[PDB]
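Report on one structure; see the data block that follows.
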Amino acid sequence: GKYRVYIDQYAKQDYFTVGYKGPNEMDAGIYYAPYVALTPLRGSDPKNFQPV
Amino acid sequence: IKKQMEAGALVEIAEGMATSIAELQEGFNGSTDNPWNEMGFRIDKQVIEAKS
C-alpha cells in the first residue's frame, strides 16, 4: 500500500530507516540542488605532450 | 682513444631510450629532471665589394 523500499548496499549492521517525502518538491527534509552537470575538460601539457 | 678502439677495449654504440624512461619526459608522473633534446637552425649573411 503505502511505503517504498530502497536497499542500502553498504549498510553497516542491520538498520532500517523511515522517512517522509511530500508531493511538492519543497517538503523533503533535505534538498539536493544540482548546479552544473559533469563538465568535461581535455588538454595536453606541452612539456610532455601526454594527454590529460 | 683511437688506439684503444682498435684493441677492442672501446667500441662505438648507438642505443635507444627505454620505454619506461621515455614516456615520462619533462613532467608527467612525479618526474623531476629529464629535459628533452631539441634542435634549431641559424642563418647568416656574407658581404663582398668590387674593385677597379
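With +1 assigned to the C-beta of every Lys and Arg and -1 to the C-beta of every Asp and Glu, and no other charges, what is the dipole magnitude of chain B about the Cα centre in debye, to the nearest 20? Could the numbers behind the result be given before it?
Details: 5 positive and 9 negative charges, 89 e Å.
Charge dipole of chain B: 420 debye, to the nearest 20.
Applying 1/(1 + (r/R0)^6) with r as the Cβ-Cβ distance of residue B:36 and residue A:25 and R0 = 35 angstrom yields a FRET efficiency of 0.05. Computed from point charges on the beta carbon alone (+1 for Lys and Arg, -1 for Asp and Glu), the dipole magnitude for the protein assembly as shown about its Cα centre is near 260 Debye. Exposure proxy shown here: for B:49, B:23, the number of other Cβ atoms within 10 Å sets the order, fewest to most, as B:49, B:23. Projecting the Cα atoms of B:10, B:30, B:50 onto the charge dipole of chain B (Cβ charges, centred on the Cα centre) puts B:50 farthest toward the positive pole. For q = 0.17, 0.19, 0.24, 0.28 Å⁻¹, what log10 I(q)/I(0) does chain A give under the Debye formula with an equal point scatterer on each alpha carbon and no solvent? The computed values of log10 I(q)/I(0) come out as -0.81, -0.90, -1.08, -1.12.
With charges set only on the Cβ (+1 for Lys and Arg, -1 for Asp and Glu), what does the dipole of chain A come to about its Cα centre, in debye to the nearest 20?
My answer is approximately 100 debye.
Short to long, the 10 Å bins of the Cα pair-distance histogram for chain B hold 15, 20, 18, 24, 12, 8, 2 percent of all pairs.
Given all pairs of different Cα atoms, what value in angstroms does the Kirkwood hydrodynamic radius of the protein assembly as shown take?
On the way: mean 1/r = 0.0413 Å⁻¹.
Final number for the Kirkwood radius of the protein assembly as shown is 24.2 Å.
Only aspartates and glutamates eight or more places from residue A:21 in sequence, or on another chain, were considered; none has a Cα closer than 14 Å.
Please order A:41, B:10 by the number of other Cβ within 10 Å, starting at the fewest. All intermediate terms of the calculation are to be shown ahead of the outcome.
On the way: A:41 6, B:10 12.
The fewest-first ordering by Cβ neighbours comes to A:41, B:10.
Rule-based calculations on the coordinates, nothing more; no lab input. No Cβ is skipped: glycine too gets one built from the backbone with ideal geometry, and neighbour counts run over all protein chains shown.
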